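**Q** Chains as they are written, first to last, in my numbering: chain A, 53 to 282; chain B, 53 to 282; chain C, 53 to 282.
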Amino acid sequence: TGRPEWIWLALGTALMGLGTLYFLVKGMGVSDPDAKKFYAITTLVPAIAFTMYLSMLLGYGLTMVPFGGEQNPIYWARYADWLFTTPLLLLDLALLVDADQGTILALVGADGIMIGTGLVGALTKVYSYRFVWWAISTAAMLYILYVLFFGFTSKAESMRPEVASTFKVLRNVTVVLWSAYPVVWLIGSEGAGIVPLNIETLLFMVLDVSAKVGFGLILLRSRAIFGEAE
Amino acid sequence: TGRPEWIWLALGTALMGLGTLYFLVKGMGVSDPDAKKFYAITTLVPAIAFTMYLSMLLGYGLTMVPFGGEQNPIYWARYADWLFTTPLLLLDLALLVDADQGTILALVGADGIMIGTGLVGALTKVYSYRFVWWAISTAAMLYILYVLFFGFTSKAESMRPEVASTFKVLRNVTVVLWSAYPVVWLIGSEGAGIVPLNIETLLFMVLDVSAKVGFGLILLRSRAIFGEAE
Amino acid sequence: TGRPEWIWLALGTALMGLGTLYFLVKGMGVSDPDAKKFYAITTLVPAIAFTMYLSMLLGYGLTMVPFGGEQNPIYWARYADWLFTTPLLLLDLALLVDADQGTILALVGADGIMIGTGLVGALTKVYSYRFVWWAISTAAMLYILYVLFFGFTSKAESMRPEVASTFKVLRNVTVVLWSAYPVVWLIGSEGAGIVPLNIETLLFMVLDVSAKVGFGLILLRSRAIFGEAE
Ligand SMILES: CCCCCCCC/C=C/CCCCCCCC(=O)OC[C@H](O)CO
Ligand SMILES: CCCCCCCC/C=C/CCCCCCCC(=O)OC[C@H](O)CO
Ligand SMILES: CCCCCCCC/C=C/CCCCCCCC(=O)OC[C@H](O)CO
Ligand SMILES: CCCCCCCC/C=C\CCCCCCCC(=O)OC[C@H](O)CO
Ligand SMILES: CCCCCCCC/C=C\CCCCCCCC(=O)OC[C@H](O)CO
Ligand SMILES: CCCCCCCC/C=C\CCCCCCCC(=O)OC[C@H](O)CO
Ligand SMILES: CCCCCCCC/C=C\CCCCCCCC(=O)OC[C@H](O)CO
Ligand SMILES: CCCCCCCC/C=C\CCCCCCCC(=O)OC[C@H](O)CO
Ligand SMILES: CCCCCCCC/C=C\CCCCCCCC(=O)OC[C@H](O)CO
Ligand SMILES: CCCCCCCC/C=C\CCCCCCCC(=O)OC[C@H](O)CO
Ligand SMILES: CCCCCCCC/C=C\CCCCCCCC(=O)OC[C@H](O)CO
Ligand SMILES: CCCCCCCC/C=C\CCCCCCCC(=O)OC[C@H](O)CO
Ligand SMILES: *C\C=C(C)/C=C/C=C(C)/C=C/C1=C(C)CCCC1(C)C
Ligand SMILES: *C\C=C(C)/C=C/C=C(C)/C=C/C1=C(C)CCCC1(C)C
Ligand SMILES: *C\C=C(C)/C=C/C=C(C)/C=C/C1=C(C)CCCC1(C)C
């Protein structure tokens, strides 16, 4: 409780926990093989984020990084979280439009570079270098977003209407929510330090819960995840 | 030799080494594509554990963690070992009953959460928190065990008798041997400290060798791993 | 610029960057599903190595390891690089000859053991033990090389001539370039220290660029990556 951001970490933990249990129970009994894949992927995302939010709450996922003449608290657990949950979110989208194996590999690899370089930037001690890593990480994200539009949107329009409809919604949700992440990093404690840590934690918590639980609520209520059968 | 547990680490190293060479030689010449998959998965498990046991023997896979007012030796290499070998063991079982891709993902993800949270619990410095992680890790294991019974056992009974027979044996071996791990952790040096480190090392060594080499001897002598062909 | 090897790190960074952009642009528009897989795998290899070379250039991927009575600079970022790029290189070869899933798993697992044990050897503080890890790592490599000859070369000769032709070239390139890595390690700063660090950096840079960009130029100009169609 000595950390003013603790309230936002406690709430994020609870929402990810509650999201995980809901998806887990809703997924009971689903026999359709296709739907089970989406339930498996989408329930795993908040389970992972739950454990990492708890580690931040309890103080484990925190470290001090000297830069700018001060010791700055850096929650490295966020990057462990994103390293495993962001490729799962992209897999949900790719399996929806039945993307080829080469495009999937491109997306997951670019995603691993995005999060990995963001982690290096967060732990870098030379101030100016942190923004070099931020730029490479942001470059990788632009590739992802380009694929989701001028690489995926065309394949969805040649499939069942419920798939094209649900993909377009989740695509739009993804592009909006993902693009906010590099901004909060840059003006927050990891970058320019304009926004205090307790408010940055609040902002990441809203985005994290929307992009994981909110994403899952939309997808798992759709007919797109079920095969077309009689 | 200054560590009394060294004898159990030297023996575990030798048994994993010897297990690896046996499986490797036995796997020579096997042309059946199905059998080669099981040989590949099952020989990799003791190769990985061999390298990590050796690192513990040589003192690399060891660190000191202050908690309870003392410096406690923690063999972190065990979790690196289990992180890579336990999903391979589950893959052996899943491919046997030809489980769907969504169930496989659920098992491997839950398994990664189980080992990952066990690692955090082992390195946690606040005593009471170590058991919070132990509980989350144990919760993930119960999900795995539930899948192996009320998720897999039903699919094996609808397949070739030799597959149903071999799966049931390996399932039973797995549930018994895996369930002992959380107990040794709790009463051992990582938890309550009731059992001394040298005896905990002995107990993990017996379980490790049984669940990896013993598991492999049963599976790789079975007809289930071979396709049904003339 | 206080590190004499910086020139070789700056050049390696540039060549991996330039290699990545070339493959990325050349891969634009390729619609053939098979070719897209190879373009995806092969463009990812220099993208990863670019980021790790940059981390070495900027001083992040460097640490000091006491052994032999001195503090020795160890670029641990090389192993992070190789951990992710070497299995991708092997996947390029395996998909070319359409290898079975069990052989692929064997190659990637043996490759992960090779790099992982090389990392432990590099960070080991007991001098004699560094060569124990070097030997296990080299043993795993011999298994890989054996598979590429007496495991793959036979499957390529039963396929389209352009595949057999391109595989044989890339196989030969791989065996020659990979086998040099354990030698430079042994006589370089990580081992016997006969060759100074600045020259070891030069040697790894030539090998790294040849085995990644050079490899990719040969493969991606071949007809083998395209399906046979009218
Ligand atoms: C879905 C229904 C619920 C929607 C909810 C969306 C909330 C997302 C945004 C929150 C920003 C909050 C900003 C709070 C800033 C407080 C910091 C502060 O005190 O700033 C003044 C400072 O002391 C001197 O400049
Ligand atoms: C497969 C054929 C072989 C089967 C073999 C199975 C062995 C597994 C169990 C071993 C427990 C050994 C327990 C040894 C405990 C010694 C600790 C000790 O000395 O305890 C007394 C203490 O000094 C004051 O209370
Ligand atoms: C593809 C076209 C280009 C091909 C290019 C291939 C280069 C690869 C090998 C370089 C070795 C360079 C060795 C340089 C050694 C200098 C170290 C030195 O000064 O050694 C003397 C020392 O001072 C007292 O013994
Ligand atoms: C000076 C230049 C330095 C280097 C530039 C910064 C590198 C990091 C940024 C982005 C990753 C780029 C994407 C990497 C993955 C590309 C995969 C690919 O080529 O995919 C083609 C496939 O056909 C699709 O379906
Ligand atoms: C198909 C699979 C594709 C997979 C693609 C993966 C790409 C990873 C690339 C770059 C990020 C590397 C980040 C490494 C950061 C290590 C930080 C660390 O552990 O630092 C230790 C200590 O704090 C200081 O030395
Ligand atoms: C498509 C998604 C793209 C996402 C990526 C967009 C990146 C650029 C955005 C904002 C940078 C704005 C400038 C921030 C730097 C301000 C530095 C400074 O000095 O700020 C002082 C402050 O304004 C008072 O104290
Ligand atoms: C307050 C509550 C906090 C949260 C609870 C503790 C979370 C960690 C424990 C267990 C992981 C649960 C399992 C995660 C993976 C589930 C995958 C799934 O839903 O699989 C359905 C599929 O149909 C199958 O074949
Ligand atoms: C389909 C793929 C599914 C993959 C599912 C993976 C789930 C991983 C989740 C939680 C464990 C995270 C554990 C992270 C522990 C890091 C410990 C560490 O490195 O600590 C450094 C230092 O000792 C102190 O700061
Ligand atoms: C299905 C598989 C389930 C596996 C998981 C089962 C977990 C519960 C088991 C044992 C806990 C027993 C209590 C341990 C705590 C004892 C604390 C204590 O004070 O012990 C003093 C000691 O007995 C003298 O010194
Ligand atoms: C004392 C002996 C100690 C132990 C020896 C050193 C272990 C590490 C070295 C090499 C890894 C060996 C290869 C591991 C993977 C083998 C996979 C396999 O068996 O593959 C068969 C499949 O049929 C193929 O297609
Ligand atoms: C199909 C998938 C197959 C995957 C096969 C993977 C095999 C990995 C095995 C051994 C390498 C382990 C190396 C671990 C090195 C850890 C070093 C480290 O982080 O050390 C921290 C600190 O510097 C000191 O305690
Ligand atoms: C197929 C690929 C195989 C690749 C693996 C091949 C490994 C063996 C090669 C070289 C070792 C040569 C001996 C190196 C040890 C020399 C130690 C020493 O004392 O060197 C002094 C120096 O020569 C003056 O100062
Ligand atoms: C789990 C929820 C989501 C939407 C996570 C996404 C995270 C990112 C898109 C992170 C992006 C970063 C960039 C692009 C630049 C470096 C800083 C970040 C790692 C935050
Ligand atoms: C390699 C052999 C086996 C059977 C390894 C299995 C390891 C586990 C089942 C570990 C379980 C843990 C739990 C459930 C709770 C935290 C402590 C552990 C990581 C030991
Ligand atoms: C990215 C380019 C290539 C060819 C990388 C390959 C790296 C290896 C083959 C590393 C081999 C090692 C061995 C075999 C022994 C321990 C030291 C190394 C990790 C360098």
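By construction, the Cβ of each residue, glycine as well, lies at the ideal position given by its N, Cα and C atoms.
Name, please, each residue of chain B whose Cβ falls closer than 9 angstroms to the Cβ of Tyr91 of chain A.
**A** Per Cβ cutoff of 9 angstroms: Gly154, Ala158.
**Q** With distance defined between alpha-carbon atoms, name the residue in B:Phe183, B:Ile239, B:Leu148 nearest to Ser274 of chain B.
**A** Comparing Cα positions, the closest option is B:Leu148.
**Q** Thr169 of chain A versus chain C: which residues are under 8 angstroms apart at the beta carbon?
**A** In chain order: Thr103.
**Q** What does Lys207 of chain C reach in chain A if we use C-beta pairs closer than 7 angstroms?
**A** Residues of chain A passing the Cβ test: none, with the nearest at roughly 20 angstroms.
**Q** Bridge partners for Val117 of chain C per DSSP, in chain order?
**A** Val117 of chain C is bridged to C:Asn124.
**Q** Run through the segment 156-217 of chain B for me and flag every whole alpha helix (DSSP H) of 4 or more residues, listed as ranges in chain order.
**A** Within the segment 156-217 of chain B, the complete alpha helix (DSSP H) runs of at least 4 residues are 179-199, 205-208.
**Q** Does any C-beta atom of chain B lie closer than 8 angstroms to the C-beta of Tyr181 of chain C?
**A** Cβ-Cβ to chain B under 8 angstroms: yes for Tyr181 of chain C.
**Q** What would DSSP say about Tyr112 of chain A, mapped onto helix, strand or coil?
**A** Note: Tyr112 of chain A maps to coil in three-state DSSP.
**Q** Please list the terminal residues of the continuous alpha helix (DSSP H) segment that includes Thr53 of chain A.
**A** That residue, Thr53 of chain A, is in no alpha helix (DSSP H); it is neither H nor E in DSSP.
**Q** Check the C-beta distance from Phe267 of chain C over to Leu141 of chain C and give it rounded, since I have them as a contact under 8 angstroms.
**A** Rounded, the Cβ-Cβ distance is 7 angstroms, consistent with contact.
**Q** Using CA atoms only, rank isn't needed, just tell me which of B:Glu214, B:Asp163, B:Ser210 is closest to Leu272 of chain B.
**A** Selected option, being the one with the closest Cα: B:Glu214.
**Q** Report back the beta-carbon spacing between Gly113 of chain C and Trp134 of chain C to the nearest angstrom; my notes put them in contact at under 8 angstroms.
**A** Incorrect: roughly 12 angstroms between the Cβ atoms, too far for contact.
**Q** Listed from N- to C-terminal order along the chain, which residues in the segment 212-236 of chain B have their beta-carbon within a distance smaller than 8 angstroms of any beta-carbon of chain C?
**A** Those residues of the segment 212-236 of chain B that come within reach of chain C (Cβ to Cβ, closer than 8 angstroms) do not exist; the list is empty.
**Q** For the alpha helix (DSSP H) containing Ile251 of chain B, name the first residue and the last one.
**A** It spans 249-261 - the alpha helix (DSSP H) in which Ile251 of chain B sits, taken as one unbroken run.
**Q** Would you say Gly154 of chain C touches ligand 10, meaning its beta carbon is less than 7 angstroms from a heavy atom?
**A** The answer is yes for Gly154 of chain C.
**Q** If you run the structure through DSSP and keep just helix, strand and coil, what is residue 21 of chain B?
**A** This structure does not reach residue 21 of chain B, given that chain B is present from 53 up to 282, and the question cannot be answered.
**Q** DSSP three-state call for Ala244 of chain B: helix, strand or coil?
**A** Three-state DSSP puts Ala244 of chain B in coil, outside helix and strand.
**Q** Taking the Cβ atom as the reference point for each residue, do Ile165 of chain C and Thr103 of chain B lie within a distance shorter than 8 angstroms?
**A** Cβ distance < 8 angstroms, so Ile165 of chain C and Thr103 of chain B count as in contact.
**Q** Could you compute how far the alpha carbon of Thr53 of chain A sits from the alpha carbon of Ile126 of chain B?
**A** Roughly 29 angstroms separates the two Cα atoms.
**Q** Quick check: the segment 254-270 of chain A against the segment 224-231 of chain B, are at least 3 beta-carbon pairs closer than 8 angstroms?
**A** No, because fewer than three Cβ pairs between the segment 224-231 of chain B and the segment 254-270 of chain A fall closer than 8 angstroms, the two stretches do not touch.
**Q** At the 8 angstroms Cβ level, is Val172 of chain C part of the contact set with chain B, yes or no?
**A** Answer yes: the Cβ-Cβ gap between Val172 of chain C and chain B drops below 8 angstroms somewhere.
**Q** State buried or exposed for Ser210 of chain B, treating a residue as buried only when at least 16 other CB atoms are found within 10 Å of its CB.
**A** So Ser210 of chain B ends up on the exposed side.
**Q** Rounded to whole angstroms, how far is the Cβ of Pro98 of chain B from the Cβ of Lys264 of chain B, which I believe are closer than 8 angstroms?
**A** About 5 angstroms separates the two Cβ atoms, so the contact holds.
**Q** For chain B, is any of its Cβ atoms less than 8 angstroms away from the one on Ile165 of chain C?
**A** Closer than 8 angstroms: yes.
**Q** In chain order, what residues of the same chain lie with their CB nearer than 7 angstroms to the CB of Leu106 of chain B, ignoring the 5 residues before and after it?
**A** If we look at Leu106 of chain B and ignore the five residues flanking it on each side, its Cβ neighbours are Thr65.
**Q** Pairs of beta-carbons, one from the segment 240-248 of chain B and one from the segment 174-191 of chain B, closer than 8 angstroms: are there three or more?
**A** Output reads yes: the segment 174-191 of chain B touches the segment 240-248 of chain B.
**Q** Could you name the residues of chain A that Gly161 of chain B contacts, counting a contact when the two beta carbons are closer than 9 angstroms?
**A** Correct list: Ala92, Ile93, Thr95, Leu96, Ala99, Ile100, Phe136, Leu140.
**Q** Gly79 of chain A: which of A:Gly69, A:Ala92, A:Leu67 sits nearest, CA to CA?
**A** Cα-wise, what sits closest to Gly79 of chain A is A:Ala92.
**Q** For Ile188 of chain A, decide whether its Cβ has a neighbour in chain C, counting only Cβ atoms nearer than 8 angstroms.
**A** So yes, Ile188 of chain A belongs to the interface.
**Q** Report the residue from B:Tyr131, B:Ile277, B:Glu57 whose alpha carbon sits nearest the alpha carbon of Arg212 of chain B.
**A** Nearest of B:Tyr131, B:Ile277, B:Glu57 to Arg212 of chain B, Cα basis: B:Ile277.
**Q** Measuring only the C-alpha atoms, how far is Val82 of chain B from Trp185 of chain B?
**A** Roughly 43 angstroms between the two C-alpha positions.
**Q** Is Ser189 of chain A near ligand 13, judged by its Cβ being under 7 angstroms from some heavy atom?
**A** Yes - ligand 13 has a heavy atom lying nearer than 7 angstroms to the Cβ of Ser189 of chain A.
**Q** Name the residue from C:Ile167, C:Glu282, C:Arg182, C:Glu280 whose alpha carbon lies nearest to the alpha carbon of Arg130 of chain C.
**A** The candidate whose alpha carbon is nearest that of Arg130 of chain C is C:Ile167.
**Q** Which runs of the alpha helix (DSSP H) fall wholly inside the segment 67-117 of chain B and span at least 4 residues, in chain order?
**A** Qualifying alpha helix (DSSP H) stretches, in chain order: 85-109.
**Q** Does the beta-carbon of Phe202 of chain B have 16 or more other beta-carbons within 10 angstroms, so that it is buried, or is it exposed?
**A** Burial call: exposed.
**Q** Check the C-beta distance from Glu57 of chain B over to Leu249 of chain B and give it rounded, since I have them as a contact under 8 angstroms.
**A** That belief holds up - the Cβ atoms of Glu57 of chain B and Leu249 of chain B are roughly 6 angstroms apart, short of 8 angstroms.
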